[PDB]
Every structure is written in C-alpha cells, then in structure tokens.
Amino acid sequence: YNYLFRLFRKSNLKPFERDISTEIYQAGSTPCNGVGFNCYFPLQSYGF
Amino acid sequence: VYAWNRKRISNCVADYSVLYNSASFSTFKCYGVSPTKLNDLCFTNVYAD
Numbered sequence: 001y002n003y004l005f006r007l008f009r010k011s012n013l014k015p016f017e018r019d020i021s022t023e024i025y026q027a028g029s030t031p032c033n034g035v036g037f038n039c040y041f042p043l044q045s046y047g048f
Numbered sequence: 101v102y103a104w105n106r107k108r109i110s111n112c113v114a115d116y117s118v119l120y121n122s123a124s125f126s127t128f129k130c131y132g133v134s135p136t137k138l139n140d141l142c143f144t145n146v147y148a149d
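If you read the protein sequences in the order shown, they are chains A and B.
Taken in order, the first sequence gives residues 1 to 48; the numbers are from this note's numbering.
Taken in order, the second sequence gives residues 101 to 149; the numbers are from this note's numbering.
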C-alpha cells in the first residue's frame, strides 16, 4: 500500500502538471465541509 | 440471494443522478465507468440484479 494514484479531480491535468493535494473530493451534489459518502479522499492505492 | 430477481432495462432514459446524488445508500460504486458519465452514455441493453 506504499504506492498511490489520484482517483478523482475537479478538472483534468495540463501537460506536465503536478498536484500533491490531499483535499477531500466532492463526488456529487452534497456539501462535504472538507470531511464520508460522496466526500472521498482522492488518493487511492493499488495494493500490489 | 440464491434466487435474485433480474430486471431488463430498455427503450427508456436512465437518470443515474437519482442514484449517485441520493444519500439513501450505505454504499454506492461504479466500475470501468464514472457515475457522472452514465448521464451521457447510451446502451443497447441494461440489467439490474
């Protein structure tokens, strides 16, 4: 679980863009308050 | 669970947002396709088990 990728973002990356952000991702029409259902941590692991 | 009911979904418009925006579920997931993209995609058949 030491390797991760970003599963979601508010818009697609530009060429050679980099984004370290750990901010919570709002997956639908729900207020997430920076903290659950439709309110996910956007970094996820392959579990190789 | 030994005898699941299957519904065949066809000839209709499918508002998946009524599912994915609803807080009515203990878990919701989609695989190979993003749920917000299912409001754009169109299919020959759909099935619900």
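Heads up, the beta-carbon is just placed ideally off N, CA and C, and yes, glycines get one too.
Query                                                                                            : Result
Of the listed residues B/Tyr102, B/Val101 and B/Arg106, nearest to B/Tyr147 (C-alpha basis)      : B/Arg106
is_contact[A/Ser29, chain B] using C-beta, thresh 8 Å                                            : yes
Proximity test, Cβ basis, 8 Å: B/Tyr116 and chain A                                              : no
Closest by C-alpha distance to A/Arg18, when choosing among A/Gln26, A/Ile24, A/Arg9 and A/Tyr25 : A/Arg9
Any C-beta of chain B under 8 Å from that of A/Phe5                                              : no
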